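To start, the structure itself, in structure tokens.
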Amino acid sequence: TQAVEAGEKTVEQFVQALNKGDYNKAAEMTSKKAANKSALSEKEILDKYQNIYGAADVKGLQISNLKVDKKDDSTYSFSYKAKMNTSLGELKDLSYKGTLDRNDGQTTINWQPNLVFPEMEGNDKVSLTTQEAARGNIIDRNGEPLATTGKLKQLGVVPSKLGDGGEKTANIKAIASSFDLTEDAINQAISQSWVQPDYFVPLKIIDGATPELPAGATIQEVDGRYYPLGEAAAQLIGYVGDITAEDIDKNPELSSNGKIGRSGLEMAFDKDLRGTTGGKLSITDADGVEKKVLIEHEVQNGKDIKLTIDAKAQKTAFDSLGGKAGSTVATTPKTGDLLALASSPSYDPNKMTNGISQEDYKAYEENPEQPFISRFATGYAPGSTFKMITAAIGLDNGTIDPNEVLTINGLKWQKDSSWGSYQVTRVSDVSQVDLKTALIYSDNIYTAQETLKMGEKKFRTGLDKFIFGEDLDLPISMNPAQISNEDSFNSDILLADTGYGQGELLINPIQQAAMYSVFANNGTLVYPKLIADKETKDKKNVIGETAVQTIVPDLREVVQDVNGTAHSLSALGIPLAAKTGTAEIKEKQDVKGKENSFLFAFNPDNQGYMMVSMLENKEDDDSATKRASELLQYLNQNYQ
């Protein structure tokens with residue numbers, strides 16, 4: 001019994017050493033090389049495991065049903081079931097067997113080639129054939145492609161057919177002036193270490209028709225990942241890169257030759273898009289005559305993911321931002337379909353997945369506007385557009401009388417001298433302000449006063465009926481929206497700021513479009529939806545239908561009244577209920593004050609579309625309303 005427990009522990013340590021990849025550690029637990037003892041030396045056992053288990057990318061060896069008994073005074077037989085993960089899948093129901101040797105004070109494994117794979121004997125080889133799986137496509141709601149696998153035009157040069165001295169410089173300047181590329185860049189490419197005289201040196205992917213090819217230039221068609229929309233949806237879709245040795249160490253079922261998504265949806269749906277590697281792992285004899293086929297299954301190409309995105313709306317929404325910092329979310333508020341998730345500025349996913357230089361990538365990672373940020377999923381303060389929610393809450397608890405008129409003098413206001421130097425600021429010096437006037441002129445002083453009259457308790461009771469703290473069911477990496485840092489404001493100033501949407505509030509544009517959807521469903525919140533096949537989830541009785549029928553007509557006047565903040569949208573001549581907003585941002589790291597411009601708009605007649613747009617750190621005389629003329633036309637025409 002005492003010697004039997006050491007045998008089991010030896011087997012346990014042996015499998016553990018194999019599971020952690022330490023083959024030398026496992027090989028040093030084997031007995032001496034002999035006929036009935038071990039079959040190979042320690043170094044030979046190391047090489048056999050490293051070669052065989054490394055070719056199949058074996059990882060995660062786990063055992064069960066371990067039984068160690070006794071055969072003689074020094075031989076102890078053992079047996080266990082085992083399972084492992086390979087490049088083709090999981091090998092299950094593996095019946096291993098062997099013996100041990102307690103010659104001295106140490107039990108050692110009588111190593112045999114059947115401890116690699118069950119039915120291996122003598123000098124049996126292992127063969128692994130694999131067929132790559134084609135990565136699936138990402139399409140919009142109408143089948144238009146957002147991420148596909150197509151043929152690309154690879155522009156490159158051969159240093160031998162280029163020239164010696166003079167002709168080489170002239171052709172490089174000709175291949176540089178014809179394809180828009182630095183003359184020093186072509187020389188740096190053809191002079192790298194790996195380059196040999198008669199090699200094809202790739203340079204740039206051409207997305208149009210082939211221009212004139214000077215001497216040495218040649219195009220070679222290669223298949224690779226292609227993104228039609230380009231930077232317009234680079235943050236949403238993401239990109240794919242070459243699979244590295246560490247990625248295979250993490251997941252052996254990846255292709256050691258394929259592509260893996262690095263960000264966005266290409267990464268979120270990498271398992272559903274990469275497919276499963278087909279092939280056959282088998283045990284062959286001395287040559288290539290197969291004995292036992294361990295694993296085998298046909299190749300399964302990746303599935304296709306169909307999004308709710310509208311391809312043209314996504315392109316229009318991104319281009320409308322004009323390269324500035326901001327985001328735009330367009331939805332169908334009754335179903336939650338995400339028609340567009342634009343984020344600007346952006347990067348080139350085609351340049352990212354093909355040939356990207358360490359200089360252009362550094363330019364993408366140092367731009368203070370940070371193009372890599374998915375701004376539709378980044379938590380921001382909602383701005384003065386949030387007064388709608390504060391008003392809708394005030395109408396449900398009877399705090400806000402739509403006809404009651406507050407008397408406000410000036411542009412700054414504070415409850416008490418206790419506030420110190422902080423004052424709620426408004427842009428329009430309107431004396432007699434009621435609810436309708438406050439929404440037209442975007443009066444923060446009205447909202448700050450009604451919020452304080454409402455009280456923290458009633459205000460949070462209305463806010464808690466929304467989606468604060470909820471993790472949305474979307475394949476987009478996101479943090480849930482918060483009302484503040486803690487569950488209590490503990491500051492009348494912070495409560496007033498939260499009234500008009502800029503305290504410790506953090507709500508990303510997707511969560512904003514969710515909360516604002518109540519105005520298109522009579523107080524019923526419709527969760528956003530990105531996958532076309534999913535069902536519409538809703539949250540009924542968020543705000544009162546009385547509040548919606550009171551605020552939406554006022555939101556119409558935001559566009560129709562000549563002093564409305566969105567009156568420039570009346571140029572469209574379409575039914576529009578809209579709301580604008582601003583947000584002042586100034587932390588300790590900020591130089592001066594940075595302002596964010598917001599616009600919320602939707603069709604109040606048919607509820608066919610809804611739009612929220614933001615301009616982060618706006619330039620002077622710039623606004624989200626200024627750039628929303630085109631997207632609103634498209635959504636009004638194509639989504640009734």
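In the structure tokens, chains take the letters A, B, ... in the order shown, each chain's residues start at 1, and ligands count up from 1 in the order shown.
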* Identify, on the basis of only C-alpha atoms, every residue whose closest approach to range 181-187 of chain A does not exceed 12 Å; exclude the query and any residue fewer than 2 positions from it along the same chain; express the result as a ChimeraX atom specification. => /A:155-159,162,168-179,189-192,195,201-206,216-217,357,359
Could you pull out the helix (DSSP H, G or I) residues of range 367-442 of chain A from DSSP and send them as an mmCIF file with N, CA, C and O atoms, in the first residue's frame?
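Okay, states_30.cif is ready:
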data_model
loop_
_atom_site.group_PDB
_atom_site.id
_atom_site.type_symbol
_atom_site.label_atom_id
_atom_site.label_comp_id
_atom_site.auth_asym_id
_atom_site.auth_seq_id
_atom_site.Cartn_x
_atom_site.Cartn_y
_atom_site.Cartn_z
ATOM 1 N N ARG A 375 -15.863 54.777 -29.994
ATOM 2 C CA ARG A 375 -16.541 55.834 -29.253
ATOM 3 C C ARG A 375 -18.020 55.549 -29.033
ATOM 4 O O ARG A 375 -18.613 56.115 -28.108
ATOM 5 N N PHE A 376 -18.631 54.688 -29.849
ATOM 6 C CA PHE A 376 -20.014 54.300 -29.601
ATOM 7 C C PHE A 376 -20.153 53.393 -28.388
ATOM 8 O O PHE A 376 -21.273 53.202 -27.902
ATOM 9 N N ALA A 377 -19.048 52.840 -27.885
ATOM 10 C CA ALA A 377 -19.062 51.988 -26.703
ATOM 11 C C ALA A 377 -18.269 52.587 -25.549
ATOM 12 O O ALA A 377 -18.019 51.894 -24.556
ATOM 13 N N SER A 384 -26.463 68.015 -22.156
ATOM 14 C CA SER A 384 -27.736 68.665 -21.871
ATOM 15 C C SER A 384 -28.910 68.034 -22.604
ATOM 16 O O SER A 384 -30.053 68.432 -22.355
ATOM 17 N N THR A 385 -28.668 67.070 -23.495
ATOM 18 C CA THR A 385 -29.773 66.290 -24.040
ATOM 19 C C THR A 385 -30.475 65.468 -22.964
ATOM 20 O O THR A 385 -31.651 65.126 -23.128
ATOM 21 N N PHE A 386 -29.782 65.151 -21.868
ATOM 22 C CA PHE A 386 -30.352 64.343 -20.797
ATOM 23 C C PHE A 386 -31.467 65.043 -20.030
ATOM 24 O O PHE A 386 -32.108 64.398 -19.194
ATOM 25 N N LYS A 387 -31.723 66.330 -20.286
ATOM 26 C CA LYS A 387 -32.834 66.994 -19.610
ATOM 27 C C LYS A 387 -34.165 66.329 -19.940
ATOM 28 O O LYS A 387 -35.103 66.398 -19.138
ATOM 29 N N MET A 388 -34.273 65.701 -21.118
ATOM 30 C CA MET A 388 -35.506 65.003 -21.477
ATOM 31 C C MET A 388 -35.852 63.949 -20.434
ATOM 32 O O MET A 388 -37.005 63.841 -20.000
ATOM 33 N N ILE A 389 -34.860 63.153 -20.033
ATOM 34 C CA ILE A 389 -35.093 62.118 -19.033
ATOM 35 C C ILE A 389 -35.454 62.747 -17.695
ATOM 36 O O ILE A 389 -36.393 62.307 -17.020
ATOM 37 N N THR A 390 -34.721 63.787 -17.291
ATOM 38 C CA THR A 390 -35.034 64.473 -16.041
ATOM 39 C C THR A 390 -36.430 65.082 -16.088
ATOM 40 O O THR A 390 -37.154 65.074 -15.086
ATOM 41 N N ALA A 391 -36.832 65.602 -17.250
ATOM 42 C CA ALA A 391 -38.185 66.127 -17.392
ATOM 43 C C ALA A 391 -39.214 65.005 -17.382
ATOM 44 O O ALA A 391 -40.273 65.133 -16.757
ATOM 45 N N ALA A 392 -38.921 63.895 -18.067
ATOM 46 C CA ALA A 392 -39.846 62.766 -18.076
ATOM 47 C C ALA A 392 -40.027 62.192 -16.679
ATOM 48 O O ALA A 392 -41.131 61.777 -16.307
ATOM 49 N N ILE A 393 -38.955 62.164 -15.885
ATOM 50 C CA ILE A 393 -39.077 61.736 -14.496
ATOM 51 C C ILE A 393 -39.890 62.748 -13.700
ATOM 52 O O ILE A 393 -40.749 62.376 -12.892
ATOM 53 N N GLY A 394 -39.642 64.041 -13.923
ATOM 54 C CA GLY A 394 -40.385 65.066 -13.210
ATOM 55 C C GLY A 394 -41.866 65.072 -13.536
ATOM 56 O O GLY A 394 -42.687 65.460 -12.702
ATOM 57 N N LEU A 395 -42.227 64.649 -14.747
ATOM 58 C CA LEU A 395 -43.632 64.563 -15.119
ATOM 59 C C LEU A 395 -44.312 63.330 -14.542
ATOM 60 O O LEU A 395 -45.539 63.332 -14.387
ATOM 61 N N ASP A 396 -43.549 62.285 -14.215
ATOM 62 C CA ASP A 396 -44.149 61.068 -13.680
ATOM 63 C C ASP A 396 -44.413 61.166 -12.183
ATOM 64 O O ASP A 396 -45.352 60.535 -11.685
ATOM 65 N N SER A 417 -25.381 80.657 -1.431
ATOM 66 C CA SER A 417 -23.982 81.067 -1.399
ATOM 67 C C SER A 417 -23.066 79.934 -0.958
ATOM 68 O O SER A 417 -21.851 80.018 -1.166
ATOM 69 N N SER A 418 -23.626 78.880 -0.354
ATOM 70 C CA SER A 418 -22.844 77.707 0.022
ATOM 71 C C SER A 418 -22.212 77.016 -1.180
ATOM 72 O O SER A 418 -21.207 76.316 -1.016
ATOM 73 N N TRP A 419 -22.776 77.189 -2.378
ATOM 74 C CA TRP A 419 -22.189 76.595 -3.576
ATOM 75 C C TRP A 419 -20.838 77.197 -3.937
ATOM 76 O O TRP A 419 -20.159 76.661 -4.818
ATOM 77 N N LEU A 435 -41.539 74.389 -19.127
ATOM 78 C CA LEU A 435 -40.939 73.166 -19.652
ATOM 79 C C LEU A 435 -40.718 73.261 -21.157
ATOM 80 O O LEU A 435 -39.627 72.955 -21.653
ATOM 81 N N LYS A 436 -41.745 73.679 -21.900
ATOM 82 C CA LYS A 436 -41.613 73.795 -23.348
ATOM 83 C C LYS A 436 -40.503 74.770 -23.725
ATOM 84 O O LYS A 436 -39.704 74.492 -24.627
ATOM 85 N N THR A 437 -40.428 75.909 -23.034
ATOM 86 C CA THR A 437 -39.371 76.875 -23.316
ATOM 87 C C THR A 437 -38.002 76.306 -22.971
ATOM 88 O O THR A 437 -37.023 76.549 -23.687
ATOM 89 N N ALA A 438 -37.916 75.535 -21.885
ATOM 90 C CA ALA A 438 -36.628 74.994 -21.463
ATOM 91 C C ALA A 438 -36.084 73.979 -22.458
ATOM 92 O O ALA A 438 -34.867 73.889 -22.644
ATOM 93 N N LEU A 439 -36.959 73.205 -23.101
ATOM 94 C CA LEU A 439 -36.496 72.235 -24.085
ATOM 95 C C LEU A 439 -36.133 72.896 -25.408
ATOM 96 O O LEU A 439 -35.219 72.431 -26.097
ATOM 97 N N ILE A 440 -36.830 73.974 -25.773
ATOM 98 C CA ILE A 440 -36.524 74.673 -27.017
ATOM 99 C C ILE A 440 -35.166 75.359 -26.924
ATOM 100 O O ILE A 440 -34.314 75.213 -27.809
ATOM 101 N N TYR A 441 -34.942 76.114 -25.850
ATOM 102 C CA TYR A 441 -33.713 76.875 -25.682
ATOM 103 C C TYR A 441 -32.599 76.086 -25.010
ATOM 104 O O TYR A 441 -31.478 76.598 -24.910
#
* Asked: For the atom pair CA of residue 520 in chain A and CA of residue 404 in chain A, what is the interatomic distance in Å to one decimal place?
  ->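 Value for the CA of residue 520 in chain A-CA of residue 404 in chain A distance: 25.7 Å.
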Quick one: everything within 12 Å of residue 497 in chain A, counting only C-alpha atoms, minus sequence neighbours fewer than 3 positions away in the same chain. Send it as a PDB file with C-alpha atoms, in the first residue's frame.
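Here's the written file result.pdb:
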ATOM      1  CA  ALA A 381     -21.470  62.298 -19.951  1.00  0.00           C
ATOM      2  CA  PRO A 382     -24.724  62.464 -21.957  1.00  0.00           C
ATOM      3  CA  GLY A 383     -24.827  66.263 -22.034  1.00  0.00           C
ATOM      4  CA  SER A 384     -27.736  68.665 -21.871  1.00  0.00           C
ATOM      5  CA  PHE A 386     -30.352  64.343 -20.797  1.00  0.00           C
ATOM      6  CA  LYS A 387     -32.834  66.994 -19.610  1.00  0.00           C
ATOM      7  CA  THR A 390     -35.034  64.473 -16.041  1.00  0.00           C
ATOM      8  CA  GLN A 414     -26.903  78.833  -7.686  1.00  0.00           C
ATOM      9  CA  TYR A 422     -20.048  77.183  -9.025  1.00  0.00           C
ATOM     10  CA  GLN A 423     -23.079  78.377 -10.991  1.00  0.00           C
ATOM     11  CA  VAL A 424     -25.305  76.557 -13.465  1.00  0.00           C
ATOM     12  CA  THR A 425     -24.819  78.251 -16.831  1.00  0.00           C
ATOM     13  CA  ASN A 444     -29.832  74.147 -17.887  1.00  0.00           C
ATOM     14  CA  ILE A 445     -30.911  76.510 -15.097  1.00  0.00           C
ATOM     15  CA  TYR A 446     -34.513  75.330 -15.442  1.00  0.00           C
ATOM     16  CA  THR A 447     -33.380  71.699 -15.323  1.00  0.00           C
ATOM     17  CA  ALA A 448     -31.033  72.354 -12.395  1.00  0.00           C
ATOM     18  CA  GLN A 449     -33.860  73.991 -10.437  1.00  0.00           C
ATOM     19  CA  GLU A 450     -36.471  71.312 -11.151  1.00  0.00           C
ATOM     20  CA  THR A 451     -33.926  68.604 -10.310  1.00  0.00           C
ATOM     21  CA  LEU A 452     -33.263  70.131  -6.884  1.00  0.00           C
ATOM     22  CA  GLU A 456     -32.278  62.990  -4.902  1.00  0.00           C
ATOM     23  CA  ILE A 483     -25.613  57.374 -12.468  1.00  0.00           C
ATOM     24  CA  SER A 484     -22.624  58.343 -10.306  1.00  0.00           C
ATOM     25  CA  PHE A 489     -24.768  62.055  -4.613  1.00  0.00           C
ATOM     26  CA  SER A 491     -23.829  66.962  -2.903  1.00  0.00           C
ATOM     27  CA  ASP A 492     -26.583  69.333  -4.035  1.00  0.00           C
ATOM     28  CA  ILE A 493     -24.174  70.609  -6.703  1.00  0.00           C
ATOM     29  CA  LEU A 494     -23.668  67.124  -8.153  1.00  0.00           C
ATOM     30  CA  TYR A 500     -28.946  68.279 -17.111  1.00  0.00           C
ATOM     31  CA  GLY A 501     -26.686  65.320 -17.781  1.00  0.00           C
ATOM     32  CA  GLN A 502     -23.125  66.120 -16.741  1.00  0.00           C
ATOM     33  CA  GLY A 503     -22.179  64.974 -13.261  1.00  0.00           C
ATOM     34  CA  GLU A 504     -20.617  61.559 -12.735  1.00  0.00           C
ATOM     35  CA  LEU A 505     -22.926  60.158 -15.424  1.00  0.00           C
ATOM     36  CA  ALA A 583     -21.144  69.074 -21.953  1.00  0.00           C
ATOM     37  CA  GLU A 584     -18.206  70.930 -20.410  1.00  0.00           C
TER      38      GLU A 584
END
Restrict the calculation to only C-alpha atoms, then for each residue of range 339-397 of chain A with any atom at most 6 Å from an atom of range 218-236 of chain A give the closest atom pair and their distance in Å to one decimal, rows by chain and rising residue number, as CSV.
residue,atom,partner,partner_atom,distance
A:346,CA,A:231,CA,5.4
A:347,CA,A:231,CA,5.4
A:348,CA,A:231,CA,5.0
A:349,CA,A:234,CA,5.7
A:374,CA,A:235,CA,5.4
* **Distance of CA of residue 128 in chain A from CA of residue 353 in chain A, expressed in Å to one decimal place** => 28.9 Å
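The space separating CA of residue 618 in chain A from CA of residue 594 in chain A comes to 7.4 Å.
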* Asked: range 297-304 of chain A: which residues within 10 Å, counting only C-alpha atoms, same-chain residues fewer than 2 positions away excluded, as a VMD selection string?
  -> chain A and resid 88 to 89 130 to 139 147 to 148 269 to 281 295 306 to 307
File of the preceding selection, C-alpha atoms, as a PDB file, in the first residue's frame:
ATOM      1  CA  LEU A  88      -7.922  19.037 -34.868  1.00  0.00           C
ATOM      2  CA  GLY A  89      -9.922  18.731 -31.650  1.00  0.00           C
ATOM      3  CA  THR A 130      -4.658  19.544 -42.026  1.00  0.00           C
ATOM      4  CA  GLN A 131      -6.874  21.584 -44.350  1.00  0.00           C
ATOM      5  CA  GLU A 132      -7.466  25.244 -43.536  1.00  0.00           C
ATOM      6  CA  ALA A 133     -11.005  26.500 -42.955  1.00  0.00           C
ATOM      7  CA  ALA A 134     -12.187  29.536 -44.904  1.00  0.00           C
ATOM      8  CA  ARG A 135     -13.045  32.449 -42.624  1.00  0.00           C
ATOM      9  CA  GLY A 136     -16.712  33.405 -42.746  1.00  0.00           C
ATOM     10  CA  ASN A 137     -18.065  36.729 -43.937  1.00  0.00           C
ATOM     11  CA  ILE A 138     -19.653  39.632 -42.064  1.00  0.00           C
ATOM     12  CA  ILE A 139     -22.609  41.210 -43.871  1.00  0.00           C
ATOM     13  CA  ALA A 147     -15.839  41.700 -44.121  1.00  0.00           C
ATOM     14  CA  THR A 148     -15.048  39.113 -46.804  1.00  0.00           C
ATOM     15  CA  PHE A 269     -16.966  36.279 -33.429  1.00  0.00           C
ATOM     16  CA  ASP A 270     -13.607  34.648 -34.171  1.00  0.00           C
ATOM     17  CA  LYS A 271     -14.823  31.199 -33.105  1.00  0.00           C
ATOM     18  CA  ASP A 272     -17.909  31.408 -35.332  1.00  0.00           C
ATOM     19  CA  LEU A 273     -15.944  32.875 -38.264  1.00  0.00           C
ATOM     20  CA  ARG A 274     -12.745  30.800 -38.294  1.00  0.00           C
ATOM     21  CA  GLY A 275     -14.505  27.442 -38.545  1.00  0.00           C
ATOM     22  CA  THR A 276     -12.870  24.192 -37.480  1.00  0.00           C
ATOM     23  CA  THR A 277      -9.653  22.798 -38.929  1.00  0.00           C
ATOM     24  CA  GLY A 278     -10.218  19.637 -40.936  1.00  0.00           C
ATOM     25  CA  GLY A 279      -7.657  16.891 -41.301  1.00  0.00           C
ATOM     26  CA  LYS A 280      -6.478  13.572 -39.912  1.00  0.00           C
ATOM     27  CA  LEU A 281      -4.129  12.669 -37.061  1.00  0.00           C
ATOM     28  CA  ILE A 295      -8.636  12.019 -35.130  1.00  0.00           C
ATOM     29  CA  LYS A 306     -25.435  39.026 -40.437  1.00  0.00           C
ATOM     30  CA  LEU A 307     -25.633  42.385 -38.657  1.00  0.00           C
TER      31      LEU A 307
END
Can you check which parts of range 17-127 of chain A lie within 7 Å of range 285-288 of chain A? Per residue, the shortest pair of atoms and distance in Å to one decimal, counting only C-alpha atoms, sorted by chain and number, as a Markdown table.
| residue | atom | partner | partner_atom | distance |
| --- | --- | --- | --- | --- |
| A:123 | CA | A:286 | CA | 6.1 |
| A:124 | CA | A:285 | CA | 4.7 |
| A:125 | CA | A:285 | CA | 5.8 |
Go ahead and save the residues from that selection, with C-alpha atoms, as a short mmCIF file (atom, residue, chain, number, x, y, z; two decimals), in the first residue's frame.
data_model
loop_
_atom_site.label_atom_id
_atom_site.label_comp_id
_atom_site.auth_asym_id
_atom_site.auth_seq_id
_atom_site.Cartn_x
_atom_site.Cartn_y
_atom_site.Cartn_z
CA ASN A 123 9.32 2.84 -34.14
CA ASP A 124 5.81 3.95 -35.06
CA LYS A 125 5.50 7.42 -36.57
#
* Asked: What's the 8 Å shell around residue 565 in chain A, counting only C-alpha atoms, without same-chain residues fewer than 5 positions away, as a VMD selection string?
  -> chain A and resid 440 to 442 558 to 559 579 to 580
Same residues, C-alpha atoms, saved as a short mmCIF file (atom, residue, chain, number, x, y, z; two decimals), in the first residue's frame:
data_model
loop_
_atom_site.label_atom_id
_atom_site.label_comp_id
_atom_site.auth_asym_id
_atom_site.auth_seq_id
_atom_site.Cartn_x
_atom_site.Cartn_y
_atom_site.Cartn_z
CA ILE A 440 -36.52 74.67 -27.02
CA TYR A 441 -33.71 76.88 -25.68
CA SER A 442 -31.92 74.05 -23.80
CA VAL A 558 -36.83 72.24 -30.86
CA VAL A 559 -36.72 71.99 -34.66
CA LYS A 579 -32.92 67.64 -28.84
CA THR A 580 -29.42 69.10 -28.65
#
* Who sits within 10 Å of residue 518 in chain A, only C-alpha atoms, same chain under 3 positions skipped, as a ChimeraX atom specification -> /A:333-334,389,392,466,513-515,521-526,538-545,548
Show me, as a JSON list (two decimals) with N, CA, C and O atoms, in the first residue's frame, the residues that have an atom within 6 Å of range 336-345 of chain A when counting only C-alpha atoms, minus same-chain residues fewer than 6 positions from it.
[["chain", "number", "residue", "atom", "x", "y", "z"],
["A", 308, "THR", "N", -27.37, 43.95, -38.06],
["A", 308, "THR", "CA", -28.45, 44.89, -38.30],
["A", 308, "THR", "C", -27.98, 46.17, -38.97],
["A", 308, "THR", "O", -28.80, 47.03, -39.28],
["A", 309, "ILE", "N", -26.67, 46.31, -39.18],
["A", 309, "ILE", "CA", -26.11, 47.54, -39.74],
["A", 309, "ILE", "C", -26.64, 47.76, -41.15],
["A", 309, "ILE", "O", -26.84, 46.81, -41.92],
["A", 310, "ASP", "N", -26.88, 49.02, -41.49],
["A", 310, "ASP", "CA", -27.10, 49.44, -42.87],
["A", 310, "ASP", "C", -25.77, 49.94, -43.42],
["A", 310, "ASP", "O", -25.16, 50.84, -42.83],
["A", 313, "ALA", "N", -25.93, 53.65, -44.50],
["A", 313, "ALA", "CA", -26.11, 54.49, -43.32],
["A", 313, "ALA", "C", -24.83, 54.55, -42.49],
["A", 313, "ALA", "O", -24.49, 55.59, -41.93],
["A", 314, "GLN", "N", -24.11, 53.42, -42.40],
["A", 314, "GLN", "CA", -22.83, 53.42, -41.70],
["A", 314, "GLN", "C", -21.82, 54.31, -42.39],
["A", 314, "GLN", "O", -21.08, 55.06, -41.74],
["A", 318, "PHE", "N", -20.46, 57.94, -40.75],
["A", 318, "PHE", "CA", -19.04, 58.18, -40.51],
["A", 318, "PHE", "C", -18.55, 59.40, -41.29],
["A", 318, "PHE", "O", -17.88, 60.27, -40.74],
["A", 323, "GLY", "N", -14.02, 63.31, -40.19],
["A", 323, "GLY", "CA", -12.72, 63.07, -39.60],
["A", 323, "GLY", "C", -12.51, 63.66, -38.22],
["A", 323, "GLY", "O", -11.46, 63.41, -37.61],
["A", 324, "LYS", "N", -13.46, 64.45, -37.71],
["A", 324, "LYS", "CA", -13.34, 64.99, -36.37],
["A", 324, "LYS", "C", -13.61, 63.88, -35.34],
["A", 324, "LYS", "O", -13.96, 62.75, -35.68],
["A", 325, "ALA", "N", -13.46, 64.23, -34.07],
["A", 325, "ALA", "CA", -13.67, 63.27, -32.99],
["A", 325, "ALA", "C", -15.14, 63.25, -32.61],
["A", 325, "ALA", "O", -15.74, 64.29, -32.35],
["A", 326, "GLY", "N", -15.72, 62.05, -32.57],
["A", 326, "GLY", "CA", -17.12, 61.90, -32.22],
["A", 326, "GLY", "C", -17.63, 60.54, -32.63],
["A", 326, "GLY", "O", -16.87, 59.65, -33.02],
["A", 327, "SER", "N", -18.95, 60.40, -32.54],
["A", 327, "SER", "CA", -19.61, 59.13, -32.83],
["A", 327, "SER", "C", -21.04, 59.39, -33.24],
["A", 327, "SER", "O", -21.59, 60.48, -33.01],
["A", 328, "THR", "N", -21.66, 58.38, -33.84],
["A", 328, "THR", "CA", -23.04, 58.47, -34.29],
["A", 328, "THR", "C", -23.67, 57.09, -34.22],
["A", 328, "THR", "O", -23.11, 56.12, -34.75],
["A", 329, "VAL", "N", -24.84, 57.00, -33.58],
["A", 329, "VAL", "CA", -25.60, 55.75, -33.48],
["A", 329, "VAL", "C", -26.97, 55.98, -34.10],
["A", 329, "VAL", "O", -27.66, 56.94, -33.74],
["A", 330, "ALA", "N", -27.35, 55.11, -35.03],
["A", 330, "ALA", "CA", -28.66, 55.16, -35.68],
["A", 330, "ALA", "C", -29.38, 53.85, -35.44],
["A", 330, "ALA", "O", -28.82, 52.77, -35.69],
["A", 371, "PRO", "N", -7.79, 57.23, -32.79],
["A", 371, "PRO", "CA", -8.73, 56.60, -33.73],
["A", 371, "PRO", "C", -9.10, 55.17, -33.35],
["A", 371, "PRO", "O", -10.14, 54.68, -33.80],
["A", 375, "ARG", "N", -15.86, 54.78, -29.99],
["A", 375, "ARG", "CA", -16.54, 55.83, -29.25],
["A", 375, "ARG", "C", -18.02, 55.55, -29.03],
["A", 375, "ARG", "O", -18.61, 56.11, -28.11],
["A", 526, "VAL", "N", -36.62, 49.95, -25.49],
["A", 526, "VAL", "CA", -36.31, 48.88, -26.43],
["A", 526, "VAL", "C", -34.80, 48.70, -26.45],
["A", 526, "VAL", "O", -34.06, 49.61, -26.86],
["A", 527, "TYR", "N", -34.33, 47.53, -26.02],
["A", 527, "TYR", "CA", -32.90, 47.27, -25.99],
["A", 527, "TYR", "C", -32.34, 47.23, -27.41],
["A", 527, "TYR", "O", -32.99, 46.71, -28.32],
["A", 528, "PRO", "N", -31.14, 47.76, -27.62],
["A", 528, "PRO", "CA", -30.55, 47.72, -28.96],
["A", 528, "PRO", "C", -30.16, 46.30, -29.35],
["A", 528, "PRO", "O", -29.89, 45.44, -28.51],
["A", 529, "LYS", "N", -30.13, 46.07, -30.66],
["A", 529, "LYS", "CA", -29.88, 44.75, -31.22],
["A", 529, "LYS", "C", -28.93, 44.87, -32.39],
["A", 529, "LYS", "O", -29.14, 45.70, -33.28],
["A", 530, "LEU", "N", -27.88, 44.05, -32.40],
["A", 530, "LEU", "CA", -26.88, 44.08, -33.46],
["A", 530, "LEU", "C", -26.95, 42.88, -34.40],
["A", 530, "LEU", "O", -26.69, 43.04, -35.59]]
